[PDB]
Every structure is written in C-alpha cells, then in structure tokens.
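K.L.:
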Amino acid sequence: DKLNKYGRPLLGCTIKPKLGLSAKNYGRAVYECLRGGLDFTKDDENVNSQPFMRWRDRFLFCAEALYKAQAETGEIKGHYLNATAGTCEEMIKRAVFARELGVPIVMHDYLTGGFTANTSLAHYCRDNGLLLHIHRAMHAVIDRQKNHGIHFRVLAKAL
Amino acid sequence: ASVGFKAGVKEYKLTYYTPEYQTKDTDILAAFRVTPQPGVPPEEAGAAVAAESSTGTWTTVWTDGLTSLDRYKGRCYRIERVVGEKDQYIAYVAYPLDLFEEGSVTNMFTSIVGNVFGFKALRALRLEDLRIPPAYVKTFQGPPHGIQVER
Amino acid sequence: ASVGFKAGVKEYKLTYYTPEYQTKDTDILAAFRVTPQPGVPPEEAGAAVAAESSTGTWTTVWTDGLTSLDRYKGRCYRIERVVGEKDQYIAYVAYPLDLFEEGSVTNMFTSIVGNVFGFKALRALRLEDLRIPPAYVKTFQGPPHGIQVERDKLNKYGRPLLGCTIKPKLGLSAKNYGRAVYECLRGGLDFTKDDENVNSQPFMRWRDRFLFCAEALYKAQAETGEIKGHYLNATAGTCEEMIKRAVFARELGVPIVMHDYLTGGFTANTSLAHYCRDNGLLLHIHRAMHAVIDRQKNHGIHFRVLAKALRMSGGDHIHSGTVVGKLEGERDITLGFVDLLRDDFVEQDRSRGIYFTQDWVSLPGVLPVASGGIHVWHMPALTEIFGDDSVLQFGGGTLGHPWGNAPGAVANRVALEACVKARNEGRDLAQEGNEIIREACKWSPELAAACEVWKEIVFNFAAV
Amino acid sequence: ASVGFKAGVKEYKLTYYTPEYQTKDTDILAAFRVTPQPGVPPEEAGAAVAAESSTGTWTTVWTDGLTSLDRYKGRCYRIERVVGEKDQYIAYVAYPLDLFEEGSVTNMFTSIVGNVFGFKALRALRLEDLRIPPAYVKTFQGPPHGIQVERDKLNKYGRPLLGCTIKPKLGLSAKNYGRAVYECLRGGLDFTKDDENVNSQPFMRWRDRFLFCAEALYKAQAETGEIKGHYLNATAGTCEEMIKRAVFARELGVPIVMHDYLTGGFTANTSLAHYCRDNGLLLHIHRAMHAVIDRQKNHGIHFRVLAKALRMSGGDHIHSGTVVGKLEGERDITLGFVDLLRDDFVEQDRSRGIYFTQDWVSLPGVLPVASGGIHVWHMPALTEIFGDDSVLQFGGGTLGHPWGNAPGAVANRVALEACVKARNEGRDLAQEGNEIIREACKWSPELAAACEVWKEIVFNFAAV
Amino acid sequence: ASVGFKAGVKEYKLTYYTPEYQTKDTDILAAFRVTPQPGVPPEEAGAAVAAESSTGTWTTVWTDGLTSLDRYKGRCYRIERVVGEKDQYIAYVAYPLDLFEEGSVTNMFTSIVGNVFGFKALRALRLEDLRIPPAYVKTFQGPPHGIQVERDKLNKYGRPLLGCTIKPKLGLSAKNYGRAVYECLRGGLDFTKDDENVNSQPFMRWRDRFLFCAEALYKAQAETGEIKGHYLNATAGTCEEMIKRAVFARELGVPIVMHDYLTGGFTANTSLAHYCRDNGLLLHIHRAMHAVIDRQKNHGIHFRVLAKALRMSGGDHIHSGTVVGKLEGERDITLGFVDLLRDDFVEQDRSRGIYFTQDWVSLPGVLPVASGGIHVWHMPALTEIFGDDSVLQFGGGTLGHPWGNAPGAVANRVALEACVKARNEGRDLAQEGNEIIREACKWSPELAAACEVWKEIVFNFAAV
Amino acid sequence: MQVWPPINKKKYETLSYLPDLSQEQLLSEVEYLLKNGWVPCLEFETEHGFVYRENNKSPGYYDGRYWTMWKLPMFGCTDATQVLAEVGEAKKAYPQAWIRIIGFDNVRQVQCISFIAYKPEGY
Ligand SMILES: O=C(O)[C@@](O)(COP(=O)(O)O)[C@H](O)[C@H](O)COP(=O)(O)O
Ligand SMILES: O=C(O)[C@@](O)(COP(=O)(O)O)[C@H](O)[C@H](O)COP(=O)(O)O
Ligand SMILES: O=C(O)[C@@](O)(COP(=O)(O)O)[C@H](O)[C@H](O)COP(=O)(O)O
Ligand SMILES: [Mg+2]
Ligand SMILES: [Mg+2]
Ligand SMILES: [Mg+2]
Ligand SMILES: [Mg+2]
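Chains as they are written, first to last, in the authors' numbering: chain C, 160 to 318; chain B, 9 to 159; chain D, 9 to 472; chain A, 9 to 472; chain C', 9 to 472; chain V, 1 to 123. A prime marks a further copy of an entry chain.
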C-alpha cells in the first residue's frame, strides 16, 4: 500500500563487494542499480560502520542516490539502511537518522543483534513509519544439521 | 582497478586461497573446521568460507576495481587435515582489522559467521577459535568490573 | 613486593634507565631532546624524565610493592648524543599501554609532558616525537571525516581547495562580514572563514555573524554553481557555549565549523569532533598558541607531535604552515609532518625529523592548510610543496587586491588552475614556476592587477 | 574610511607604533619581551606584535574603511631596552576592551598569543604580564569559592592546609588507592589527591577509585574528628566525560574535585568551575604542561600570566611552586605571582616581576599549593615563604616514611604545627628554622623517623 | 571591628555623610532629589538615604565589627540646594561595586530604591539619575540586538521606521486583528503591533492572534517587497507562559516580539531579552505603568533612570515619548535620555537633566519610539526632534484615516518620506515644517485626505 | 577596475577558470590521469547542471552531485585517445548533456581528477 506496488515480486540487490566500498561509491552503485528498475538496493548484512565507510556517510549518500533514481524512474524506490550496531543506543540512533532523511526502510540482522534489540527496533519502526527488513545472518549456525539445533521454521515464527 | 572487468563466475580459490600470506599482527584470525561436499577441494571450500565472509560473492562484479581487495579480502592462508577424520579440515582464515566495527561483537559475528555455514558446497562448518588482536581488543569496554574489583 | 621496603632517596637511574629493554609493539615511545644540568649524567636526566612521567617520585615509597613496576614503569631505554651540540641528547622513553586512558589526548599529554619539563636537574627539555601504537590509535575517533569524505561531500577533486580569512581581524560588523564573504566566494574561493579570534564580541555577535554569512555563502553558491562553505568559529569559553554554536551551524545547513584546538583545549576539541561526526559538519582546526610551544629547538613540544595529537582528537583540516610566507617553517620538516597528517603509514625518516615509523591503522587523514602572508606569486611553490590535498588561504592576498574581493578571488583561482595545468602538461612548478603565473598574469585582467601589486614581496629571513 | 584605499604592503610601524597613546582604564595591556631578527627595528617588531594580535594583516585591505581601526587596533605604545641583554626589549601593547569576548580566557589568549609568537621577523617572543581591567575582570566567575569560603566550609583556620599525592604515579588498584588514602588522612593530612595523570585506566577506573576513596575519607574523617577531603581527578577526554565524573563526586557528597587545567583546556576548565560553583565542590587546579610554556626566559608565556588566567577561569587551588624542592622556581617571582593569586590589589613591582598594578575588584583569591620533592626539613621555609593561606603537599614525603602513611602523616602535621607555634611565639622561621623542627624531632617518634631519613636532602641547582 | 560595640541609636550623619569622599571609578552614583521633614538637616536626610540603602539600620548592631563598613557603606558625599526651591536638595550618593549582583537590574533597584522612599524623616524623595560604571555595565547583555543589527536585519536605512498600534485597544477578534494588520502593512508602515494590554483574553487568544498576524504580515511583505514585522505581545502572567509565546513567534519565523517591561518586571524582562538574543527575535519594550513612577517632580524615579534600566536589562526598542502628542514630555529632557538610550558616551549636561557622564562601553543602543496622539501634521517635528534612528507610531493616526488603514499607511509614509527629502535638500523641518507636508498633501490623495481631517489638532497643555 | 559579472559565469570546478580547453589541452589531461594510474570514467547529466537541495538541507546534504555513469569505468584502458573517443561518442546521443571526465585512485578510493569535457550549448 505504501510503496504503491502490486502484482508481482518486488526486486532487490545487495551492493558488492561485501566490505571495502567508500560511502560515495556505495551511493553511486545504488542510484545505478535503482534507475535500471530494481525497487530496492541494500546494505550487506555486515555493512554497519567501519573505517572504510561510516554509517552516517553511507546513509547520507544512499539518500541522495535513491532520491535521484526515484525521480528519474517515477517509481518509489528505497535502499535498506543497516541499523545493526553494537548497542541498542547506537542502533536506535541510526534508526533515527534514516527517519530524519525521510527514507522508507531500514534493516537489521536480527540474530547477531538479538531478539531484545530486534523488538526494540520493531517498536521504533512501528511508531516512526519505517519498514524493517530482517537478514538472518548466523541462522545456519543453528538450523543446518537434522539432528541438533533449531529448525528455521521456528526462527521464522520467532521473527 | 587494473585488469579488465571480465564478467562471469570463477572459483573462490583464485583470490581467497593465499597460502603465501603472512598474517599481520592486527588481523582477526579464525580456525574453521570444514567438511566439504564430495567434489569440493578443501582449498575451494576454504576460499568460499573466506570470501563470502569478507568481500566477495559468486560472480564477478566490476565494483571491485573501485577499491582494492588486497586490502580488504578475507583470506584462507592454510588448510590442514583433521588427523583421523572423515574428509574434515582446519581451514585458517585471516580478516584485516579494517573490516570490523569497533566495539561491536555483533558486527564481528555478522561477518565471520553470517552466511558461510549454509553454503551448498559445504555439508558442515564449525568455528573453533578466533584470534582477537590487541588493536581490536582495546576497542571494547569488556567487563563492567572483572575478578579483582568484584573481590 | 619482594625486596624489603628501604626508605630514602635513590638515583632515578636505578629503575628507569633500562638499555636492556626491548620495546613492545603496544608501547608509546617518545624521543625527548634533553639538556641536563652540569653534573647530570644523561642517563640520570633520562631516568628522571621517564620516572616522573610514569610511576615514580623522588624518594622510596613502600606502596610500590603493592603492584609491580616492571609492568608499569616508563623506561629510558637509550640515550644518543646530539651530534655537534652543547651537552644535548636524545633520551628515548617507552610507556606501556596500560598507563593511558583510551580516547584521551588530555591523559596522554598529562603523563608524557606533565611535570618533567620543569625539573631542577634539567635546564631545557623538548619532546620531538611520539610513536602511537595501533592498539592506542584504535581507541580514537580521529577526524569527523578526513580527506576523502570531505572531497566526496563538497564534490571537489584535482587541485588544492582555496580559502580566505576575512580581515580586518576584529572590528567588522555582522553584516559587513557577510558582504565580504559573498564577495570573496562568488569570485571562486571554496571557503571563507572567521579569523581564529572572531568568537562573539561587542562589535559582532556570533549568532549575527552566523546568520549573515549563511545568507552570503548561500548567495555565492547559487551564483557560481559550486558548493561553497564559510568556516564558522565555535571556539567559546565553555563547552556548553561551544556546542551551542555548533548546534546553530547545524540548524543553518552550512557545511563546516572551526575551532582553535590549543586555546580551546583537547577536552573541548574532542567533544566538538564527536559532535561534528554525529552531525555531519567538517571541522577546521586553527593552531593558535602553538608557536608558544613549538618554536625553540631546545625546549617545548615539536609541531609534528601537536599535529599527531590532533589527528587523534579530531579535525578534518589542520594548518600545516607555508614555508614561503609570513610565519616560521622549514620545508623538509613540514613535508615530514604533512605526511604524518595525511598518510596511512609513514616510515621513520630522521632526514625529515620523523623519529618513529607511524602506523595509523586507517585513521582518516587530515587536509593540511597553507596560510599566512602568501600571494599569487607563491602559487606554484605551494602547489609544488603541498599537492592537490591541501587548502591554500588568501587573507590579505584576497581583500588586498586593488579591485576588491570578487576580483581578488578570481586572481587566485586562476593562479592556481594555471599552476595546476602547467603541472599536468608536465611543466616543472619548481624550475618553470615564475613564467607560468607570469604568463597567466598576461591573459587575466584580475590576475594581472594582483601580480603587479605583490610582485616584489618575499619573507626571506633566516629561520629558527 | 577616508584616505583612498591604496593596495600593497606597508610597515606595521605606520599604524601599530603609537608612543603617543594614553592607555584607557579599560584597555588590556601586555608587556611582551621581544627579541627581533637582526634587521628589525624594535618599533617594527613591536607593531607586528600589536597588529597581528588585533586587527591587521601583512598587506592593505580596503575593508578597514568599513570600520574604524582607531577604535579597534591593538597598539604598541612603548619599547624599552632590556638592560644588559642581547637585542631584547619590552614592547608594551594595549588592547581595547571591545576586542575580547566576555568571560572567555580562550578568546583573550587566542588574541594576545594566537599567532605572533611564530613571526619570521622575530626570533623569540615571551609574554611577561597582562593587566586585566576591572571592566573585564567583572565578566568572570572566578573561583567556585576562594580562600575564605573554602576555610569556612572545611572549618580550618590558622595554618597551612596539609596534603599528599598518593604514589606510585600510575599502577595502584582502586582498592589500594583507598587504603593508602585512609592511612594518609588518619594521620593528620587534610587532603590526599589523585596524581594529575590518574584519570581512568585499565589498572584503575575512575568510578571504582572514587567509590573507594569516599569510603576511606569517610573513615578517616570519623576517626580523627577533622573534616577530610580527597582531590578526585575529573580530568577526562571530553567535557561530557569530565562533567560525568564531577557529577558522581557530587553524588557521594565528598567536598573537592581536581582538574589539570592546561592539558584539559580553558574551555573545559571554565565549564567545570561553573559546575563546581553550582554544586558546591571546591576545585583544585594542577598546572601540568605549564613548564612547556613557562620555562625559558626568552620565549613563551610567564606563569604569572598562566596564574592570572586561572583566577579568571576558575579554581579554588592552583599549584604555585615550592622554591626549595624538586622543580624550578625562584622566591621573588614566586612571591610575586602568589600575591597575584590571593590579594585584591597588587601594586606594580618590577622587582618581583609584576609589570602592572592588578585590581581584582573582589574576584575571590586562590590558595597556592606548594608541592614536589619537599620534606619535613623544609617545613619552616615553606611556612615562612607562604604563610597560613597555602596547601603544602607531601607525596614522597608521606608515603616514603619508614613506618608507612599514618606515621608519615603525623610527622608532617607535627612538623608544621611545630613551625606555626614557633612563629607565633615570635621565633624566626628563617634564622631559627632548623632547630625548631630539630627540637620537635626530639619529642615526636614519628617526626623523628622522618628527620633521620631526609636529613641530608636538598635540591640546590642553579636556576633557569 | 575596633572601637567597642556601643549599643543604641546614633544619627546617620555620623557614618553616611562623607563630603570628604573621593568617588571611585567603579562606584554606582545616584543623584537623589530630597525634601526633608522640617527638623531634618539635609545632611541627616542624606545620610539616612545612604544608610538605609546599603549597609545600615536604625540602631547599633555589633555584627558591623565582623566586616568593614568603610568598604561597604553607601555614602552621601554632597548635598546641594535646589535653587529656588522649597527645602529641596540634591543628595549625591555613592555605592561601591561590591554591593550589586552582576547582571541584575532587580538587585540594583532593590538597593537604591528599596526602602528610603518611605522614611518618616523625609516627606518626598525622587531619583533623578544614576551613574552605572563600566565595570557593572559589562556584566549585562543589554539589547538582544540594537539599532545597527536591527537595521541590518530588516534592511532598513536612512529615515525613521514607521509603525501603528491596531485599535480598538481590546475587543477585536483574532481574525480582524490580522485583517487590520495586513491592511496597515500593505500601505507602507514597517510594523504594526499589539496594544500593550493585548495578551490573551476571552475575545482573542494569544495563539490565534499570532497565527493570523503571521498570515497577514507575510501577505503584506510579499505584496510590498519590503520586510515587514508585527510586534507580537509576549507579556504574560508567569515566565513560563511568557517564554512559551516567545517560542511560538520563533516557530512562525516572524521577526519581533514585544514586552511591557514594567508590569511584567525586570526579572521576567531579562529572561526575555536572553531568549530573544539566543533565538534571533527583536524585542520592543512598551513602558506601561512608568508614568506611575516618573510624573511628579518631587517624588519617584525619573524616566531617564527607567530608560537606563532597560538598556541594561534588554530591549531593542523602548518608547521615549513624543513631546508633541497626547501624553506628557518636554523636549530637552527627552533629548537628554534619548541620547542615554542610543549613544556610546554621554557627557553630563545639567541643562538636559543628565547629572553624570555615562559611558556605555559599547552596550548596543536602543531605538526610541515615538507614539500616542501623533498625526501627519507632526511629522516634520518628530523627524526633527528624533532623527532617522527612531520608530514613529500611528495608532489612531492610521486606523483613523477616512479611507481606512492602507491609505492611512500611505499617508504617513509619504508624509515622512516628504519630510526626509526636504531635510536632505537642506530645508528646515522646524521653520519650513508646515509647508513641506502642506505641499505634499497637494500631490498625495491619501496624504491630503489625512491633512484635512487632523489639521486643527494639537495637544498643547502646560506640562508637569 | 572591473566588476566581475554576477550573471552568466556558472562554473564546473577544476579548470573552469581558464579559457575553454582545446582538444590538445584536454588530451593532456586524460594523458596525466593515465600517467598516474587512475581509471578514467565518464558521467553526463542532462537535467541538473548544478547542485540543489530539494530533498534535504542537513549539513552536507546537497541534491545534484551524482551524475549518470557513461558506460563503465574503463579499467585496463591505456589509450588516452580511446577515452577521448568516448566523449565524442556521448555528445553524439546526449548533445544536451554536460559531460565530464574523472579519475579514480582505487587504492585511496578518491576521484583524483575531474574536469568538464563538454558543456551543452550556452554554458
Ligand atoms: O590571521 C592570520 O594571520 C591568518 O589568518 C592569515 O591571514 P592572512 O592570510 O591575511 O595573513 C593566518 O595564517 C593563520 O590565521 C596564521 O596561522 P598559521 O601559521 O597557523 O596558518
Ligand atoms: O606528581 C608529582 O610529582 C607531584 O604530584 C608531587 O609528588 P611529590 O610530592 O611525591 O613529589 C607534584 O608537586 C606536582 O604534581 C608537581 O607539580 P607542581 O610544580 O606543579 O607543584
Ligand atoms: O495605547 C496607546 O495609547 C498607544 O498605544 C498609542 O496609540 P495611538 O497611537 O492610537 O495613541 C501609545 O503610544 C503608547 O501605547 C502610549 O504610550 P507611550 O507614552 O509610552 O508611547
Ligand atoms: Mg547479504
Ligand atoms: Mg587566523
Ligand atoms: Mg602530580
Ligand atoms: Mg499602546
């Protein structure tokens, strides 16, 4: 209803390389994917804030770029902004910046972050109107073997 | 950059297997216990685990030439057979400090264990140990108090 | 403990002179240039500097036995004679990591330079360099942004960034300031800025200046179609005041603020670097008061250290000196520290005064700023000595042009593009310098007017 | 305006050399000791120092006509030869009030010492004294409390306050720090304190140190029946950090905090003084780093100015030197700035290094602290030189006593009460010094022990 | 202490009459116009006024010996006979700095005017003037902005700013207020404003008026292409309410607010000035209640003092009177305090009622406002008496015009621009006044309509 | 003395203050880039010749910085002439485009160079 998208799968892309791209190049790569006709581009689940590119910098440029691409296409666009961080305070703090940018979705690695932080994030998203994409990093650590662990159907229920 | 962007798949082995490598004192090191799928050379399995853990994906993307992987790539610098063990090995991987967000175990685990345990090419994977360098150690607060203070 | 507590004085030498010592990769090392007092063996002078800088005092205290000084003691692991020099040496001291508070230049400075410079046993002391280990570097935020992001933000590549300090120093009104700003900026300067002592005074209040220079830079950016910025001085008397100003700049959408790190202090700077980081402002560091510390070759702290300290506490730009202008500064030394400011790793090079290999484990680099008594005719040298990753500032040299600011700007912007192309076509800014701007003076009316005016000026005087 | 804008350089001399000038009661005046470069007439040096310190640059800028430099220009109203000195002079400059931001030492220093010390035309520059006008004094808070309310609060009259720096410098655990503290205070010391470099480190974290020292001072106070205090170091890497520690000392109810004003910075100090004022904590200032600026007689800032700067910024205690101990300091000079620190009006007295009459218009005075390498045998001298309104500190002198802290505390309390009564009975601390403690050593076991141990120590070495 | 405590009453004279006294540059001086009671020697009267205003009471209290009254006592250093006046004198009193809380007019008035006006021994008392020393002036913020910055901001130069008070005083609906406002503003007035008793009432609530007047000035400014503003009244019953409204104007982006400083109070005023300063609003002060204090020549406070008091507390505009209109005010006196409001230095001129030289050490000056019962035919005089730096207001004179507000606006604008050019052409507003507007009424339809209606009106009545 | 005009002098960063670059001159540039190891890349814009600030005004945010990539960064190329080719190639197709040439230092990740290769008509 929000993105105005009906009848067909939404399409998306994870910018690569995984780590090592500069805030600016990330934005470049993002506009470029988006103008082509993808609905969404996104942060690789291990893209948080590192020496090669800091979260506030990436957020600012990816905002520039999706706004370019949406204008150009005339189709609402979004870029998953990764809010997964080391402390809830940091995490919400980034959530807060996406809200300031007006961007429509954020993302969170729910398992490496945790349920406690996840739920906080869902609430924050709920009240502030951002869509949250969950990335299941670490899950295969739990759900692969058929004899020991937790089956993803449970992890999926949990989310 | 350098070397034309040539689209298409290539084995991980080509960039993530580097037995040549001399570990730097600021590298995060990981001892993974890998058990490949039947036709997977350990040095491929081992490179898959290092790539999909640091900088690469499954096909060739031009963007790599924008930065420089020699600085950032995760890298499998040795394999060892698990004596008296069903095609099981010790792949050793090195991750450059630049890759991890300071103070964030959440970040560290998201990289080292985020997607690799589920590769089709592997049937089982297990992290046995991680060498945390002083340069990353000093970015954590660590315990509120610790043994002496508590006492 | 172990070894009875035996009350009484003992020479420093006994515990802090350790030539045996094998430095650890986590040790903070310091190269102090010591000049003892007549009867003081260098290794005693050297041991006092290390003791009174780390764990010890002048007499024997039982408490030492509670802990273990082997772990904590700072240690003088070598002395060297200063070839061809008045009983002057290089004492090398090593400080274990455990002694320094993380993230705090204040802490580091309190230890290494706290009390030792006033010892009666020494007559002069000077810190020349400090080796900051990666284990310590990783605990700092460093620059809010650094060279690449700054370029990336302002969208500016290939060539030195250009700037001008509005003058007179003090006395201009909120409004004149704006006027002057707009006028310099539309001409083609990238930035204008507050003089380091323009804070908030009866003649012009910070909030008034900030509101009008915003008006002006916005005018000048629309006009030219090139991102502009005006360094708004947030230096204040209290941290609260300081943040309060930074907060307004943020409200206005302007891109860079400024701070006099030494008169402000490290505690306050660190705070502003954090505030900038989180708010996305670029911060310009001004090194007022510095030469009070860094001039005499025999006593004080060398600028290369002051510079390191700042890449640690936080700053996008730092004033690095001009070699060729109104204030002191030699070329080799400057080159040395400029690499200390921008590179990732800098190899030890005594030639250039770098006593230790510095590895910055990817802390952002800082853009050096060349300012003070420089004009059109220096262009090609600055360009030469510094490279594109520098900011070159024209105060007098902009408001000093015969036709006013706009023109004075245009003159400098051409002078520099000129030099930049000469360079690119393969000319030699060092040999061919002089013709190049000379050549361009010919095709540019504004550039010409300039040339004529400052043709005969130089600041040659035998350096300290 | 008026008089056509005529581009180009001109000597400083033309506008900043004004021997004509009659200083206004509201002007900041500064005595600089200048040493020019060979071909530089003193009156040019002196005017460069005044111009590049207030309103001008190196070339002519039309903007000056927009305002009026007669109102704002800094001006060199006199030179004087330094009798029997190498082309060295005393340039005297006058700065109109309108130029400084109220309440800000940061701003004042940014102006007076900002850039002039690195002029190529000068070879050495040193600020010897600054006259602060009452119109500018009134804009400062000054000390949170000052001599009278501090004695009034702690309930302590007729004698120097006694203190001790816990040693080793770095390396003791939170717990051991408390033990040492309780032990020193129960003995009779008024205060104990953190070493200026004890902030928050791996070996001992700020909140753990604070929690145990509180437990300990509270124990010692109850035991002795005398108000005790432990200086808790609030020096931190960010203002936020700094305030945060100050806030816990408040939570524990302890009476005094401490701050290294120079490594911290005036911006952060002032913020602490304010916080201390509003929450009633006394503030102890540690002047770490000061000797980097104040040692050399030819270049730098003189402590009397650093001392002034603090009484403005805010501090209840400031380290004043000992004359007689481990670090440099001469008696007359010292007596000089000690009056600048405590008195309401201080008449000019070149004898003692005071270049201008200083009227403090009731700004509270600050308690000088005598510390570093002093012992039992120095008591009578210190008492003599400093009088009742001082804090005398025994680091080594306390923890170095053969019978540990308690006894070493007792030792110093007796030595001092000994001197005080001698004094009151009319003995002469300067002539009769030595017998007095010598006599006491005879009746006090703890004092004895001390006397025997430091008997032969002195720190005589020819001063800088 | 000294001199035994001797219980009992004594005449004031003994300690507070000191004709010996030599005033200090930091003393507050006051010129009181006293009228004793039959048997009271003026020097007693005078010393009562000085004692009961500083340190003393009616009997002898021992505590005086705890402190030193020489330091603190207020002192009557001279009386003068009021030539050709009923036992009326000028007692001159000196108050030392140390007695006043910095930044607080509240404090200063509590002392000087707290209790002496009701002594039984006096029959009438009245403060005529007060000398605020620079050391007390520098402790005030003064106007949020001042004449220069206000013009700089609104972009208005060379001529009096024009303004109108919407009428009726109370009873108009939020909506009509906005209507009336746009309509005045489009005609050419710079400002419209709330009547000083327009706060928040049943007929129209402050938030409603603010919203609509915002709509309307924004309309009018668009239309004219000339920055407009509408004084929004923030005077409220509690500081919280007051700031709260201040805050809404800020949210609307509007440029000025207003406050009745006397009925609100100094405490609330100063809060408002600070708020304005930090948030960039211009504040207009309305002197409601003042005539309660300043009319009678024998008892009260003279407006020159009330006017000084405001330039200390904070105000960008202050009503100064009209001379020529509905309420009391004589020309010379007015000329006298108008200079006290806008000038930097004002030399003493008993002619004009100024008893002391007043140096404002750069405090910004306030823009006097001419209002109440003034019209088209007063233009030339006002312009004469006040100069460009003045606000002249047309309440009735605007909503009283035969063709409504716009036209009325236009009328006053032309009238004033008319006066302005005549002045500039060299005509003589005073002699040539009358033709000048008379002339213009000829060429302006709106202006004419005006002239016709108010031609015969004047408010000549013999002053108090 | 002459009034620097306030009206049709919109700039384009580096080199835009010297006279229009001749193809030879321009050639020197691609040449330098190359000499250094920068991968040359092209981007053109046909609508927002200059930065704006429509979506946001926080510090550092400006709309209009990003341009469209012309094909891909020509990694491995060494023919100065070949990139020049491209410029030609793009004015053909986007005659109304503003076209620029940049140089990537991949080790530092900074655009080491940038100069406008072609303004559309009346700029
Ligand atoms: O105020 C000045 O004197 C300047 O602003 C330049 O104005 P001009 O360009 O007109 O001289 C100085 O470069 C720096 O401020 C001096 O310091 P630094 O040595 O630290 O760059
Ligand atoms: O750290 C120290 O050495 C002291 O703590 C004293 O310890 P001791 O009493 O054991 O020597 C010093 O007095 C001040 O800190 C030195 O400075 P200042 O000249 O500023 O007083
Ligand atoms: O309410 C009023 O009467 C006015 O608003 C004027 O309205 P008109 O212009 O219609 O009279 C008066 O100027 C001030 O308000 C009176 O005082 P002041 O002496 O202090 O200026
Ligand atoms: Mg992924
Ligand atoms: Mg400057
Ligand atoms: Mg100490
Ligand atoms: Mg009214």
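Positions of the beta carbon are idealized from the N, C-alpha and C atoms, including for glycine.
(1) Using a Cβ-Cβ distance under 8 Å, would residue 147 of chain D count as near chain B?
(2) Could you tell me the distance, in whole angstroms, from the CA atom of residue 143 of chain A to the CA atom of residue 74 of chain D?
(3) Quick one: does residue 15 of chain B have its CB under 8 Å from some CB of chain V?
(4) Quick one, what's near ligand 4 if you take every residue whose CB is closer than 5 Å to any heavy atom, in chain order?
(5) On a CA-only basis, which of D/424, D/99 and D/328 is nearest residue 56 of chain D? Give me that one, please.
(6) Is there at least one Cβ from chain B nearer than 8 Å to residue 110 of chain D's Cβ?
(7) Consider the Cβ of residue 262 of chain D: report whether some Cβ of chain C lies at a distance smaller than 8 Å.
(8) Along the chain, where does the beta strand (DSSP E) containing residue 85 of chain C' start, and where does it finish?
(9) In chain order, what are the residue ranges of uninterrupted beta strand (DSSP E) at least 3 long that sit wholly in the region 183-258 of chain A?
(10) Using the beta-carbon count (16 or more within 10 Å), is residue 274 of chain C buried or exposed?
(11) For my contact list, residue 358 of chain C' and residue 340 of chain C' are in at a C-beta cut-off of 8 Å; report their separation, rounded to the angstrom.
(12) What in chain V is Cβ-close to residue 219 of chain C, meaning under 9 Å?
(13) Taking all protein chains shown into account, decide if residue 1 of chain V is buried (16 or more other Cβ within 10 angstroms of its Cβ) or exposed.
(14) What number of angstroms, rounded off, separates the C-alpha of residue 126 of chain C' from the C-alpha of residue 28 of chain C'?
(15) For residue 348 of chain A, which of A/72, A/310, A/335 and A/417 has the nearest alpha-carbon?
(16) Taking only beta-carbon positions, decide if residue 279 of chain C is within less than 8 Å of chain B.
(17) Take every Cβ of the region 423-431 of chain A, pair it with every Cβ of the region 285-294 of chain A, and state whether three or more of those distances are shorter than 8 Å.
(18) May I have the straight-line CA-CA distance separating residue 189 of chain C from residue 176 of chain C, to the nearest angstrom?
(19) Measuring CB atoms only, is the region 228-236 of chain C touching the region 130-139 of chain B, in the sense that at least three cross pairs come out at less than 8 Å?
(20) So that I know if they touch, is there some Cβ in chain V lying closer than 8 Å to that of residue 129 of chain B?
(21) Rounded to a whole number of angstroms, what is the C-alpha to C-alpha distance between residue 338 of chain D and residue 193 of chain A?
(22) Under the assumption that residue 218 of chain D contacts residue 260 of chain D (Cβ atoms under 8 Å), give the Cβ distance between them as a whole number of angstroms.
(23) Taking the runs of the beta strand (DSSP E) that are 3 residues or longer, which of them lie wholly in the region 45-83 of chain V?
(24) Taking the alpha carbon of residue 435 of chain D as the reference point, which residue from D/392, D/302, D/87 and D/171 has its own alpha carbon closest?
(25) Report yes if the C-beta distance between residue 390 of chain A and residue 330 of chain A is below 8 Å; otherwise report no.
(26) Taking just the CA atoms, how far does residue 316 of chain A sit from residue 366 of chain C'?
(27) Rounded to a whole number of angstroms, what is the C-alpha to C-alpha distance between residue 262 of chain C' and residue 327 of chain A?
(28) By the 10 Å Cβ neighbour count, where 16 or more other Cβ atoms means buried, how is residue 344 of chain A classified, buried or exposed?
P.N.:
Looking at the atomic coordinates:
(1) yes
(2) 53 Å
(3) no
(4) C/173, C/203 and C/204
(5) D/99
(6) yes
(7) no
(8) 83-86
(9) 199-201 and 237-241
(10) exposed
(11) At roughly 11 Å, the Cβ-Cβ gap does not stay under 8 Å, so residue 358 of chain C' and residue 340 of chain C' are not in contact.
(12) 56, 58, 60 and 61
(13) exposed
(14) 28 Å
(15) A/310
(16) no
(17) no
(18) 13 Å
(19) no
(20) no
(21) 54 Å
(22) 7 Å
(23) 68-70
(24) D/392
(25) yes
(26) 30 Å
(27) 52 Å
(28) buried
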